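Participant: Give the three-dimensional model of this entry:
(one chain, ligands or ions: 3)
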Amino acid sequence: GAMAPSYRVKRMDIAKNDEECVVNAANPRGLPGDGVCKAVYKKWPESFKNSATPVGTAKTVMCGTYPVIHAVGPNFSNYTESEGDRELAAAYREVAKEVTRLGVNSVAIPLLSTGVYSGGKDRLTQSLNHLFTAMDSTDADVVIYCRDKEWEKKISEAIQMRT
Ligand SMILES: [Cl-]
Ligand SMILES: [Cl-]
Ligand SMILES: [Cl-]
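Facilitator: Numbering: from 1, shown residues only. Ligands and ions are numbered 1, 2, ... in the order given. Dropping the coordinates below:
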């Protein structure tokens, strides 16, 4: 584990991360997709062999020796707010189990269900709080990746408030 486990946020493409493993914001069918998923497909295409997994789960596939944890958040256009909330929390719990199983000291993670699966709603606080609930008990250094300047400031504020 990391000596003093921390949370950090960076505004840049997760495909350029400096961590020991990456979490993909995957679709259930293991398709190249859009946004984060498409960037992950371009950088680690080998990790999409048999990566299909249900909503609310995570499935890790190696690209060489680099782990890609495919985490499937719900698409809020299809689920109710209640059911989608439950599946989003479940996907993050499965990411924490995989990060622990892998023995990594750091992990790069995007905010699940905040892009095209958001159902047109701002889900920064919802998704980030489920990330914290799952990852708080792990000892890996967590680096959250985002692309929006206002989201970077809000995620950074939420991290600092708890310290
Ligand atoms: Cl970039
Ligand atoms: Cl998304
Ligand atoms: Cl963003």
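Participant: can the longest helix along the chain be found next to ligand 2?
Facilitator: Ranked by residue count under DSSP state H, the longest helix found in the chain is helix 81-102. No: for helix 81-102, no contact with ligand 2 is found by CB under 5 Å from the ion; the gap never falls below 10.3 Å. In this view, the C-beta of every residue, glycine as well, is placed from N, C-alpha and C.
Participant: who's in contact with the closest residue to residue 102 other than its chain neighbours?
Facilitator: The spatially closest residue to residue 102, leaving aside those adjacent along the chain, is residue 67, at 5.5 Å (CB to CB, 6 or more residues apart in numbering). Residues in contact with residue 67 (CB atoms under 8 Å, 6 or more residues apart in numbering) are 20-22, 60-61, 98, 102, 104.
Participant: Swap in 7 Å and give it another go.
Facilitator: Listed by CB atoms under 7 Å, 6 or more residues apart in numbering, the contact partners of residue 67 are 21, 60, 102.
Participant: if I pick residue 35, what's in contact with it?
Facilitator: For residue 35, the contact set (CB under 7 Å, 6+ apart) comprises 25, 115-116.
Participant: So which of the residues you listed is the closest to ligand 2?
Facilitator: The closest of those to ligand 2 turns out to be residue 115 (CB to the ion; 3.4 Å).
Participant: quick one: what helix or strand has the residue lying closest to residue 11 once chain neighbours are set aside in it?
Facilitator: Using CB to CB, 6+ apart and skipping residues adjacent in sequence, the residue nearest residue 11 is residue 152, 4.1 Å away. Element membership of residue 152 [criterion: DSSP states H and E] is helix 149-161.
Participant: list the helices and strands that helix packs on?
Facilitator: If contacts are counted by 3 or more CB pairs under 7 Å, 6 or more residues apart in numbering; DSSP states H and E, helix 149-161 sits against strand 7-11, helix 124-135, strand 141-146.
Participant: which of these is buried the deepest?
Facilitator: For these, the largest average neighbour count (mean count of other CB atoms under 10 Å) is found in strand 141-146, namely a mean of 23.
Participant: Spell out whether it and ligand 3 are in contact.
Facilitator: Yes: for strand 141-146 and ligand 3, the contact criterion (CB under 5 Å from the ion) is met by residue 146.
Participant: Need the CA coordinates for that strand. PDB is fine.
Facilitator: Extracted C-alpha coordinates of strand 141-146, given in PDB (Å, rounded to 0.1, in the frame of the first residue of the first chain):
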ATOM      1  CA  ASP A 141      -3.100   6.400  -3.800                       C
ATOM      2  CA  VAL A 142      -6.100   7.400  -5.800                       C
ATOM      3  CA  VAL A 143      -5.800   9.900  -8.700                       C
ATOM      4  CA  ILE A 144      -9.100  11.100 -10.200                       C
ATOM      5  CA  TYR A 145      -9.100  12.200 -13.800                       C
ATOM      6  CA  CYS A 146     -11.500  14.800 -15.300                       C
END
